[PDB]
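Read through the structure below, which is laid out as structure tokens, and then see the notes.
None of the figures in this text is laboratory data; all of them are computed from the coordinates on show. In this analysis, Cβ positions are derived from the backbone assuming ideal geometry, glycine residues included, and neighbour counts consider all displayed protein chains.
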Amino acid sequence: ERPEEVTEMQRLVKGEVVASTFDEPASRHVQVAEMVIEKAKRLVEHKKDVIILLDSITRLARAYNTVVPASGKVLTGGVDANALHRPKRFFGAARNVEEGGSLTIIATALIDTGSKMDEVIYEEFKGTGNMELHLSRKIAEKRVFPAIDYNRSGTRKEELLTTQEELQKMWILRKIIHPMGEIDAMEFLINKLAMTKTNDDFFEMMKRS
Amino acid sequence: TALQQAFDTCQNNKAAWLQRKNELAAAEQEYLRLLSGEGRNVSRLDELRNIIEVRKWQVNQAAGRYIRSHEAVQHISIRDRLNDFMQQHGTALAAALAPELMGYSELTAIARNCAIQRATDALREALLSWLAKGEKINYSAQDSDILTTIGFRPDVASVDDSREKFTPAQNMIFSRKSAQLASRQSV
């Protein structure tokens, strides 16, 4: 990332933050990533809950591709098979531990930046996560913040994570939002959620309508 | 002893429902003290919602098991008493309703069904003839105090808890929630 972004990160989050900008070579990035992920694994081995904000899987994969020796089998985009194998287990370390502790990992990926390997890592990492959140450009052109895509957003095994009552109070919003467009749903939701203090009150405020 | 053991099982699952209600009341009291107090953490709140949903489902199914066990014991007692009385003095009401019983005995199946429904109407008008007086009586001799304690109409909370109904998929996922809650409680 840019130095200004990381230096305004150091003074914004109370938790410790580790980063290495693009000034350093890719070896520094990959060794930092491996060191920090293995330290997080050691920490969660102590039945301690750990949450990871990852930026970004595409940049990580590019760094490993640059640093890993070539395997002789290069697919589209100048990426060989063994390059993506390290980020595969890097991202796959997220799980919930039986006896205690939980490693949660939420990561971001670059979209349609014009470089042909970005969609390669995109397609390689699809289907390996418990859930995904999508964002678009046309929403942010009119500056409707956040630019999340409700329709494309989804989760796997929602039943175990929440209760049936709140999950049904979620599918009702799903059925409400499917008919009209995504952006129109964005203004609708932000407008009818602004005056309500909390989503819990919003539930009864909208059910009567 | 089938009636006695059925009533014993009814008391057993009624006591199980009582224990479920006690655990529920504990859940609401801890929930209210946590919300009234410094409920700073929310993960415990989410766990409370998770447990209370399946706890309502458990008390609903406990009310269901109690209600149809009560219906079962009531109907078995009623049929036993009817069999005993109607065998004691079968000839009396037999001669009272002889023609249609002869129609039933030596005719075809549809004629038998017609006899059944004619006897149904006859017994209905029989009951309507005498119910106007409404003189007070007691229970059966062998099953007086058992049915007095269990009562004809069950607890009001029992029927109130059965107002809501769950879809079979909802019932299955709530059973899964109960299983995982039991696993968590064991740990």
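Please sort by residue number the trypsin sites (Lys or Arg not before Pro) in region B:13-122 whose DSSP state is loop and whose Cβ has at most 11 other Cβ atoms within 10 Å. Provide the component values of the computation, followed by the final result.
Details: sites: B:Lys14, B:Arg20, B:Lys21, B:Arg33, B:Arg40, B:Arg44, B:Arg49, B:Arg55, B:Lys56, B:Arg65, B:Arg68, B:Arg79, B:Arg81, B:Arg112, B:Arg118; in loops: B:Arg40.
Counting only loop positions with at most 11 other Cβ atoms within 10 Å, the trypsin sites (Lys or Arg not before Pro) in region B:13-122 are B:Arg40.
How large is the charge dipole for region A:54-121, taken about the Cα centre, if only the Cβ atoms of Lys, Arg (+1) and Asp, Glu (-1) carry charge, to the nearest 20 debye?
240
Using Cβ counts within 10 Å as a stand-in for footprinting exposure, how do B:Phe174, A:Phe203 rank, fewest first?
So the residues, fewest neighbours to most, are A:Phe203, B:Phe174.
Would you calculate the convex hull of the Cα atoms in chain A and tell me its volume per residue in Å³?
Expressed per residue, the convex hull around the Cα atoms of chain A is 174 Å³.
Can you tell which of B:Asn138, B:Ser183, A:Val79 lies farthest toward the positive end of the dipole of the protein assembly as shown, using +1 and -1 charges on the Cβ of basic and acidic side chains (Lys, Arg; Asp, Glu)?
A:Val79
Where does each of B:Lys136, A:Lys41 land when they are ranked from fewest to most other beta-carbon atoms within 10 angstrom?
B:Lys136, A:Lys41
Are there trypsin sites (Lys or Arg not before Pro) in region A:96-151 that DSSP marks as loop and that have at most 15 other Cβ atoms within 10 Å, and which are they?
A:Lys126, A:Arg137, A:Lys142, A:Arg143
Convert 37 °C to kelvin, take the viscosity as 0.692 mPa s, use the Kirkwood radius over C-alpha pairs of region A:156-209 as Rh, and evaluate the Stokes-Einstein diffusion coefficient in µm²/s, rounded to a whole number.
268
Which one of B:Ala95, B:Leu147, B:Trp17 is farthest out on the positive end of the charge dipole of chain B, using unit charges on Cβ (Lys, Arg +1; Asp, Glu -1) and the Cα centre as origin?
B:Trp17
Which of A:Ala33, A:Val13, A:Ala63 sits farthest toward the positive end of the charge dipole of the protein assembly as shown, with +1 on the Cβ of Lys and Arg and -1 on the Cβ of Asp and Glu?
A:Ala63
If amide hydrogens are placed 1.01 Å from N in the peptide plane, which non-local residues have theirs closer than 5 Å to the one on A:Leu75?
A:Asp80, A:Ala81
Would you work out the charge dipole size for region A:1-207 about its Cα centre, treating the Cβ of every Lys and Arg as +1 and the Cβ of every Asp and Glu as -1, and quote it to the nearest 20 debye?
240
Say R0 is 56 Å: what FRET efficiency, to the nearest 0.05, do B:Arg79 and A:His178 get from their beta-carbon distance?
0.55
Under 37 °C and 0.692 mPa s, how fast does region A:94-209 diffuse according to Stokes-Einstein, given a Kirkwood radius computed over C-alpha pairs? Answer in µm²/s, whole number.
194
How do A:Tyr122, B:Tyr66 rank when sorted from fewest to most other Cβ atoms within 10 Å of their own Cβ? The partial results should precede the final answer.
Values: A:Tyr122 16, B:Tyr66 23.
Fewest to most other Cβ atoms nearby, the residues stand as A:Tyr122, B:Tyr66.
Apply the membrane-span-like helix rule to chain A: whole DSSP H runs, Cα extent along the own long axis of at least 24 Å, mean Kyte-Doolittle hydropathy at least 0.0. List the helices found. Provide the component values of the computation, followed by the final result.
Numbers: long enough: A:26-44 (27 Å, 0.06).
Correct list, ordered by number: A:26-44.
Give me D for the protein assembly as shown in µm² s⁻¹, whole number, from Stokes-Einstein with Rh from the Kirkwood sum over alpha-carbon pairs, 4 °C and 1.567 mPa s.
Values: Rh = 28.7 Å.
Stokes-Einstein gives a translational diffusion coefficient of 45 µm²/s.
Please say if chain B is rounded, prolate or oblate, where rounded means a/c under 1.5 for a ≥ b ≥ c the square roots of the C-alpha gyration tensor eigenvalues, and otherwise the choice is prolate for a/b larger than b/c and oblate otherwise?
Numbers: a/c = 3.22, a/b = 2.59, b/c = 1.24.
Because a/c hits 1.5 or more and a/b exceeds b/c, chain B counts as prolate.
Mind checking which helices in chain B clear 20 Å along their axis (Cα) and have mean Kyte-Doolittle hydropathy of -0.5 or more, DSSP H runs only?
B:109-130
List, in the order given, every pair from A:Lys48/A:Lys88; A:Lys47/A:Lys126; A:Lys48/A:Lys126; A:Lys169/A:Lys207; A:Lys175/A:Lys197; A:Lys197/B:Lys56 whose Cα-Cα distance in the structure shown is over 19 Å.
A:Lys48/A:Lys88; A:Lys47/A:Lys126; A:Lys48/A:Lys126; A:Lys175/A:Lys197; A:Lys197/B:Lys56
Nothing charged except the Cβ atoms of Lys and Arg (+1) and of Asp and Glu (-1): what's the magnitude of the dipole of the protein assembly as shown about its Cα centre? Round to the nearest 20 debye.
Details: 56 positive and 55 negative charges, 33 e Å.
Once rounded to the nearest 20, the dipole reads 160 debye.
Of A:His29, A:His46, A:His134, which has the largest mean-square fluctuation in a 10 Å C-alpha GNM of chain A?
A:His46
In nm, to one decimal, how far is the modelled label at A:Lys41 from the one at B:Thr167, with both set 7 Å along Cα→Cβ?
Rounded to a tenth, the inter-label distance reads 4.1 nm.
Under 1.5 on a/c is rounded, so check that first for region A:1-46, then, if it is not, pick prolate when a/b is larger than b/c and oblate when it is not; a ≥ b ≥ c are the square roots of the alpha carbon gyration tensor eigenvalues.
Since a/c reaches 1.5 but b/c is at least a/b, the shape of region A:1-46 is classed as oblate.
GNM on chain A, C-alpha springs below 10 Å: top fluctuator among A:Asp80, A:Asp184, A:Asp55?
In this elastic network of chain A, the residue with the biggest mean-square fluctuation among A:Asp80, A:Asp184, A:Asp55 is A:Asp184.
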